[PDB]
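Structure, as structure tokens:
There are 2 protein chains.
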Amino acid sequence: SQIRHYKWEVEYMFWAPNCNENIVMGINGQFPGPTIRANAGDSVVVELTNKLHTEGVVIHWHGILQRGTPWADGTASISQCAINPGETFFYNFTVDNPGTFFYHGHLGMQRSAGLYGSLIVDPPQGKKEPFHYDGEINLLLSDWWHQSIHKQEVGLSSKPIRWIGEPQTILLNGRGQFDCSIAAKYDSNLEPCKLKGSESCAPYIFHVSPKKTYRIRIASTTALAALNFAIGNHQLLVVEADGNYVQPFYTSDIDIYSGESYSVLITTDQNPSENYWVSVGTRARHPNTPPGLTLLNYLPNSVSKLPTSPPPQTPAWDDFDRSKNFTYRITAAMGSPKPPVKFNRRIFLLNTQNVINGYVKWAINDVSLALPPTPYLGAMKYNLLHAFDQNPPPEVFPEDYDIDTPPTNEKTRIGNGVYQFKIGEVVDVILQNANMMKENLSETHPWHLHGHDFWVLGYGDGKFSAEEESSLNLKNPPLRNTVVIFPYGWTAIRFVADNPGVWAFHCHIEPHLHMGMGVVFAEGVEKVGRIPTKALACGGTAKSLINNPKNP
Amino acid sequence: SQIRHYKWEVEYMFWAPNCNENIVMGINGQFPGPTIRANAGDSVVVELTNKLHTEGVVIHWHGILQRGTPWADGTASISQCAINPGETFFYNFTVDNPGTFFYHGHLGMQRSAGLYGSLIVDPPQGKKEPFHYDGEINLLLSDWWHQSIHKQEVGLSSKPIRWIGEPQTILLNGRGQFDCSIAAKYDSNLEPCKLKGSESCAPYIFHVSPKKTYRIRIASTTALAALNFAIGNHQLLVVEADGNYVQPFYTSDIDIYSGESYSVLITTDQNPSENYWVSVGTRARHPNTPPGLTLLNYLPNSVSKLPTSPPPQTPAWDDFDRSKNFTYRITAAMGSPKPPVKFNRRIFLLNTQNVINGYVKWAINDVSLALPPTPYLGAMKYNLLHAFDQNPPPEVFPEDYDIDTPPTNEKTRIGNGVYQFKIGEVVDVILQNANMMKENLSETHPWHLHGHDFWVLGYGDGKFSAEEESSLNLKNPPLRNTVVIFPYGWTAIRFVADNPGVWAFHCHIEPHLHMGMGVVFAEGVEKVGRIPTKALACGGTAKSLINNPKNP
Ligand SMILES: *[C@@H]1O[C@H](CO)[C@@H](O)[C@H](O)[C@H]1NC(C)=O
Ligand SMILES: *[C@@H]1O[C@H](CO)[C@@H](O)[C@H](O)[C@H]1NC(C)=O
Ligand SMILES: [Cu+2]
Ligand SMILES: [Cu+2]
Ligand SMILES: [Cu+2]
Ligand SMILES: [Cu+2]
Ligand SMILES: [Cu+2]
Ligand SMILES: [Cu+2]
Ligand SMILES: [Cu+2]
Ligand SMILES: [Cu+2]
Ligand SMILES: [Cu+2]
Ligand SMILES: [O-]
Ligand SMILES: [O-]
Numbered sequence: 001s002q003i004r005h006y007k008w009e010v011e012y013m014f015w016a017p018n019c020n021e022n023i024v025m026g027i028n029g030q031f032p033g034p035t036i037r038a039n040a041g042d043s044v045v046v047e048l049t050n051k052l053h054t055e056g057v058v059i060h061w062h063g064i065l066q067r068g069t070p071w072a073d074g075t076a077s078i079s080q081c082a083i084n085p086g087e088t089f090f091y092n093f094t095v096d097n098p099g100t101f102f103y104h105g106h107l108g109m110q111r112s113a114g115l116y117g118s119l120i121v122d123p124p125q126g127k128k129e130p131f132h133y134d135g136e137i138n139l140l141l142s143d144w145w146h147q148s149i150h151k152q153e154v155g156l157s158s159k160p161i162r163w164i165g166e167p168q169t170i171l172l173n174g175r176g177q178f179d180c181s182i183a184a185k186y187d188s189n190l191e192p193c194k195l196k197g198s199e200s201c202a203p204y205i206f207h208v209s210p211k212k213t214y215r216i217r218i219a220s221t222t223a224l225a226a227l228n229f230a231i232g233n234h235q236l237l238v239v240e241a242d243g244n245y246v247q248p249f250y251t252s253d254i255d256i257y258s259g260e261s262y263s264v265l266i267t268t269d270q271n272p273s274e275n276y277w278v279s280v281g282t283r284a285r286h287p288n289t290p291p292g293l294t295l296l297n298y299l300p301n302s303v304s305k306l307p308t309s310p311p312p313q314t315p316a317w318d319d320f321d322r323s324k325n326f327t328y329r330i331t332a333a334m335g336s337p338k339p340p341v342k343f344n345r346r347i348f349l350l351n352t353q354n355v356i357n358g359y360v361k362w363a364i365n366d367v368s369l370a371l372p373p374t375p376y377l378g379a380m381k382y383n384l385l386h387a388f389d390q391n392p393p394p395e396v397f398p399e400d401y402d403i404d405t406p407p408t409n410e411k412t413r414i415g416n417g418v419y420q421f422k423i424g425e426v427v428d429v430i431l432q433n434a435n436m437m438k439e440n441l442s443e444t445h446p447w448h449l450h451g452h453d454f455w456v457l458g459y460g461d462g463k464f465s466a467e468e469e470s471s472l473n474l475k476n477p478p479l480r481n482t483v484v485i486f487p488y489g490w491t492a493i494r495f496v497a498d499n500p501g502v503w504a505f506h507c508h509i510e511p512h513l514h515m516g517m518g519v520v521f522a523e524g525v526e527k528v529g530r531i532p533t534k535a536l537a538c539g540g541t542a543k544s545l546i547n548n549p550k551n552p
Numbered sequence: 001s002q003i004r005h006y007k008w009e010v011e012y013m014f015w016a017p018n019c020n021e022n023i024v025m026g027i028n029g030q031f032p033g034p035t036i037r038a039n040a041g042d043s044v045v046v047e048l049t050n051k052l053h054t055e056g057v058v059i060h061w062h063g064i065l066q067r068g069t070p071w072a073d074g075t076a077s078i079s080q081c082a083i084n085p086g087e088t089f090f091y092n093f094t095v096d097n098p099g100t101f102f103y104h105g106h107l108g109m110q111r112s113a114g115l116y117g118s119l120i121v122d123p124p125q126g127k128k129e130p131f132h133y134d135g136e137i138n139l140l141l142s143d144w145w146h147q148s149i150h151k152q153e154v155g156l157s158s159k160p161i162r163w164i165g166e167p168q169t170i171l172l173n174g175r176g177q178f179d180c181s182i183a184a185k186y187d188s189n190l191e192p193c194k195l196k197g198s199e200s201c202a203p204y205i206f207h208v209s210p211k212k213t214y215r216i217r218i219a220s221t222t223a224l225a226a227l228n229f230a231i232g233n234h235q236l237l238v239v240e241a242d243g244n245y246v247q248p249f250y251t252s253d254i255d256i257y258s259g260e261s262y263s264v265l266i267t268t269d270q271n272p273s274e275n276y277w278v279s280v281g282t283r284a285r286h287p288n289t290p291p292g293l294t295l296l297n298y299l300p301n302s303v304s305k306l307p308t309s310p311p312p313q314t315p316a317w318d319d320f321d322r323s324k325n326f327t328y329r330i331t332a333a334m335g336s337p338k339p340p341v342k343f344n345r346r347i348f349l350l351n352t353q354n355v356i357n358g359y360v361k362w363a364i365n366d367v368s369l370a371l372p373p374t375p376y377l378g379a380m381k382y383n384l385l386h387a388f389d390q391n392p393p394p395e396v397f398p399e400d401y402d403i404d405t406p407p408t409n410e411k412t413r414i415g416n417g418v419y420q421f422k423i424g425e426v427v428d429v430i431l432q433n434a435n436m437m438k439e440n441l442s443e444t445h446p447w448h449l450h451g452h453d454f455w456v457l458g459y460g461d462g463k464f465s466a467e468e469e470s471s472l473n474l475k476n477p478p479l480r481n482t483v484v485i486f487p488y489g490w491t492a493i494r495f496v497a498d499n500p501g502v503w504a505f506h507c508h509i510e511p512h513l514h515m516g517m518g519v520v521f522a523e524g525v526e527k528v529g530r531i532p533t534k535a536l537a538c539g540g541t542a543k544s545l546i547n548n549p550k551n552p
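These protein sequence lines are chains B and A, in that order. Numbering (the deposited numbering) for the first sequence: 1 to 552. Numbering (the deposited numbering) for the second sequence: 1 to 552.
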């Protein structure tokens, strides 16, 4: 047990991720943010000073359960009011279990502006990891556009919508290249980068010694891109996923969607006289972004010594069978917690893309989420019944819905009610994907649950029917916090409503979140303790806690 | 027979083909240029005045045979010295046969700048076409870049080479739209163009009346793209290819490579209350350019009445079996001239991408063409034996060459010798494609012969061998002036060397010709008559012919 204290300021600054200058949101003058590293069971105290000028900020600690501390989850209008310019707020929370986690902006579209970094929790003090490696490498993946976040925000709030488009650069630990390639050698149509190694966009090189084994920790905070990770001539052994251990298996490359984290081990077996390419390319959408590239540099080979091969070609973006083939393998490591065999609640959530009042919105069982100005945790503790809609949101959709047709948008509305759970319910969620407004298009959506991990019971094609029950894996299902629904399919997850608080469950692609694609879960709120005053200080909660009468 | 006289001035001007201003090369203030139309048997006289400030100009008339007028072909350094600023040149030639032709700049990269237009030839007066139609719709296809042609020229001549990239826009009759789509209603990701229809980039709408039949004449002067043409809900019957009638067949779309012209017939037999999409999309290279679109407007429907369907989705760019399936189906119309059955000369031309002295160049049996300052025709007529290389260029490549693997570049040279034929020779040219510099890459190349039409005897995969001799079509082969080689395959054509003059045979993709991909054929020059002085007044021809002694 130890307290790790971080003194942090967030400020916009000029920076050039791909050697083209723009503004980035840096923490203590650096981009990406600093790494937090602690051992399981420690308490992390972060005092954040907001040094932005007109904007409020919040930081969300992705994958941390916020057990006892629902108020530090870092979701504006759900766990807290956002931190005002010039104010300091303390995020104090216990890191319970080891893993590869990260943190990112959770207000507006501030994470796409660069607010994110690594949070790595080692085993309890004195304990060892269940596997052996001699070194580790940390990789955080993100994506980068050249337009302003605030021009992109106004574009997605406009009628007609101005879609943000495919990213200009895929960043690997904050660096990437635009309009040139470090692997130009293999193709005369590519431009060589004129980089010395010193630049803001020069690639983070992976230095390794031959005949050793390493843990490569990989996390994604992309706003949109689903990426594919591969190392030339090196097979990967998947050992951890979303802070939990999986039954190990070998693969030549992994798919990683936004909100996921993996640990993969590699052994430097291959010929020690050469360097090998690390390639991270786009999958799941039709690519119009070059691959993020770097070198697995076998010491003492010169880093200017190119590999003999081109980078590994990324698998075809639309080979979803290949995607499923990897996704469906992941199973819990033996010794993990097995699900409750019987559920107490099952909810069906239909994911549609709609047009509400001329605005292209995303909707879950026809409600497109719009968050209130009063934080739900505050509202529910103080029992302010006028702060949001108290009607229960829709828990099932019409079984006569044709998931292969565009929506009609007849009854689609905007709303902000909450699904409430009784503290201890075993909840089941089947996420159903469908056709979007464009004929014959259904996309992949990564869904992430705050303040909990869930067991991934299964995935299927088409519409979920009750007869699907015997395929659900109750024996070995992995424990995760992020999961994908594939085109035209469903996914079924199970968790226990055991953590007092108001938690978000939303699609982790930042534009879809900005357009309403998420729901809010709240359970055991009468068990929440005292919330920090700064978290209560706005909306309905400020109005009703500030004693300010009249005549007095 | 009439004499059709044109009086034209070539000059640059600001123009916005896609509503983005740039400079374009216009004729008499027009972009594209004026249509020439004549009847077979007429003489065309074009007096062209050069009003570019510093640059020479020539205009090549694609598909006209220049029988008796070889000096009028418009190929700088082959038929003539270019026309200097402020000078006027007379191109006087006959049109022998009916067909869809066009004209384009043939000095440096002037045609990519906009120097092109149509040249159509009707049947002899009194005679009629073998097929009936009520209307005619004419369409010239090109592609457009937003970068300067003089920066593209320099970039292609630099070490490292700077590839011109995929075009920004496809131009249908000089017009196209960039960064928005006139079909944006079917996909919220697309930006709607705001166009009242009066703009320079506003679509050229095809107006048709119901229950009528129309001949749609389509020609391509693209610098780089291979395009696929389709109209929503309508069948296309192919009746003419390169000024020659083909045996008719119905197809749902046609593929068209740079240098080809087709005439298709359609019938307006569909639901008369709606309009339909015309889509010209990129194939044979990974697309990065949006499709060219316009409407088949069934009168009296308002042209702003959009179609119920989206535009026909383009065939997958790399399905070369679908491409070959269209291409192989083309045969001469019943009654056409059949080939001489025995040949007198057979030449094998291997097509490779090479690196000669740091520069990426294209080579034909390892000679990358560099054209001399003396025009070959004048040079050969006056027997100027030092103006270019008198050593006969290779008519065969080595049988130990592996076309599946990159060149070694060991012997690759730049050259300018000429292949010579005796007037009356039947020549067969076997075009062999091979792997490029990148591993596992071979592209399509359209090849075009000047001053002759040829029979396309056949195509095949891999390297041509004596086993393939029996597959050559000698019954029904089509007469064309442009033919394609597919990835790693061969194409065999046969023609008779019966036209006195010096003729270019080259790939019609403008960068490839700029990089050396062409050969020069000469036949019967002893029988060429008087060459206009402007065509002789440069290089070694002006040297020998201008009598300016010294001491005399
Ligand atoms: C957070 O921890 C710091 C350091 O122990 C303490 O000063 C601060 O008051 C704590 N705030 C809350 C809300 O726990
Ligand atoms: C071309 O035609 C014009 C007009 O008839 C004539 O004056 C000129 O001399 C001709 N030149 C040649 C080379 O035929
Ligand atoms: Cu989270
Ligand atoms: Cu997250
Ligand atoms: Cu989503
Ligand atoms: Cu979230
Ligand atoms: Cu041509
Ligand atoms: Cu030509
Ligand atoms: Cu593509
Ligand atoms: Cu070519
Ligand atoms: Cu030519
Ligand atoms: O989370
Ligand atoms: O020609």
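Built from N, CA and C at the ideal position, the CB exists for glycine as well.
Helix, strand or coil for residue i, going by three-state DSSP, please let me know.
| i | result |
| --- | --- |
| A/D42 | coil |
| A/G135 | strand |
| A/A504 | strand |
| residue 563 of chain B | Within the shown structure, residues of chain B are numbered from 1 to 552, placing residue 563 of chain B beyond reach of any answer. |
| B/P407 | coil |
| B/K438 | coil |
| A/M517 | coil |
| B/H150 | helix |
| B/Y116 | strand |
Once the 5 residues before and after residue i are set aside, which same chain residues still bring their CB inside 8 Å of it?
| i | result |
| --- | --- |
| A/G358 | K159 |
| A/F249 | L237, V238, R329 |
Shorter than 7 Å, the distance from the beta carbon of residue i to the closest heavy atom of ligand 7, or not?
| i | result |
| --- | --- |
| A/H508 | yes |
Leaving out five residues before and five after residue i in sequence, what residues of the same chain have Cβ atoms less than 6 Å from its Cβ?
| i | result |
| --- | --- |
| B/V418 | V520, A522 |
| B/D242 | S261, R480, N481 |
| A/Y91 | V46, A72 |
For residue i, which residues from the same chain have a beta carbon less than 7 Å from its beta carbon, with the 5 sequence-adjacent residues on both sides left out?
| i | result |
| --- | --- |
| B/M109 | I149, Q152, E153, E510, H514 |
| A/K185 | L306 |
Given that residue i touches chain B, what residues does it touch there, using C-beta distances under 8 Å?
| i | result |
| --- | --- |
| A/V95 | The contacting residues do not exist; A/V95 stays about 40 Å from chain B at best. |
Using only the heavy atoms of ligand 1, determine whether one of them is closer than 7 Å to the beta carbon of residue i.
| i | result |
| --- | --- |
| B/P552 | no |
Using a Cβ-based criterion (distance less than 7 Å to any ligand heavy atom), does residue i qualify as near ligand 6?
| i | result |
| --- | --- |
| B/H60 | yes |
Inset, instruction - Return the residues of the segment 420–452 of chain A that lie within a Cβ-Cβ distance of less than 8 Å from chain B, sorted by chain order. - result: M437, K438, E439
Inset, instruction - Determine which residues of the segment 182–199 of chain B have a Cβ less than 9 Å from any Cβ of chain A, and write them out in chain order. - result: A184, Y186, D187, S188, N189, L190, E191, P192
Legend entry - Members of the segment 141–167 of chain B near chain A, C-beta cut-off 7 Å: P160, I161, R162, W163
Inset, instruction - Output, in sequence order along the chain, the residues in the segment 355–374 of chain A whose CB is closer than 9 Å to any CB in chain B. - result: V355, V360
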